[PDB]
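Colleague: so I pulled this structure from the PDB, and the sequence comes with it:
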Amino acid sequence: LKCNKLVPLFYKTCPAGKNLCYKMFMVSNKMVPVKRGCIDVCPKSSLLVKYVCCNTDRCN
C-alpha cells in the first residue's frame, strides 16, 4: 500500500480502495518490474507481463 508508484518516489500512501501494490513483471532482460504501483488490475498473465501483486507493503 505505502508503495512505489513508478519507482524513484519510493514508498508512500495510495488513494482510497486501491488495494494491492502491482508491478509489470518483465522477466526477460533481468527481473525488471517495469511500472510498480498502486492501481487494481492485478492478476492474470500475458506473457511479457504477468504481475506480482503484493499486499504487504514491501515487495517493490
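Modeller: Good, I have the coordinates. Numbering: from 1, shown residues only.
Colleague: can you give me the strands in the protein?
Modeller: 21-26, 32-38, 50-51 (DSSP state E).
Colleague: got a list of what residue 42 touches?
Modeller: Residues in contact with residue 42 (CB atoms under 8 Å, 6 or more residues apart in numbering) are 20, 22, 51, 53. Placement of C-beta: from N, CA and C, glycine included.
Colleague: again with residue 21
Modeller: Contact analysis of residue 21 by CB under 8 Å, 6+ apart lists 1, 3-4, 14, 36-38, 53-55, 57, 59-60.
Colleague: pick the one among those residues closest to residue 44.
Modeller: Among the contacts of residue 21, residue 53 lies closest to residue 44 (CB to CB), at 10.6 Å.
Colleague: for that closest one, give me phi and psi.
Modeller: With angles defined as degrees, to the nearest 10, residue 53 sits at phi -70, psi 160.
Colleague: same question, residue 20
Modeller: phi -90, psi 150.
Colleague: surely residue 53 and residue 22 touch.
Modeller: Yes - in this structure residue 53 lies within contact range of residue 22 using CB atoms under 8 Å: 5.9 Å.
Colleague: so which of the two has more stuff around it?
Modeller: Shown here are residue 53 and residue 22; by other CB atoms under 10 Å, residue 22 has more neighbours (24 against 16).
Colleague: what is the more buried one paired to in the beta sheet?
Modeller: Beta-bridge pairing of residue 22 under DSSP bridges involves residue 37.
Colleague: from here on, call the first residue 201.
Modeller: From this message on, residue numbering opens at 201, which makes the last subject residue 222.
Colleague: distance-wise, check it relative to residue 211.
Modeller: In this view, residue 222 and residue 211 are 14 Å apart by CB to CB, to the nearest Å.
Colleague: and the contacts of residue 242 as TSV, adding distance to residue 229?
Modeller: Output for the contacts of residue 242, formatted as TSV (distance: CB to CB, whole Å):
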residue	distance to residue 229
220	25
222	20
251	17
253	22
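Colleague: from those residues, which two are the most distant?
Modeller: Farthest pair in the contacts of residue 242, by CB to CB: 220 and 251, 9.2 Å.
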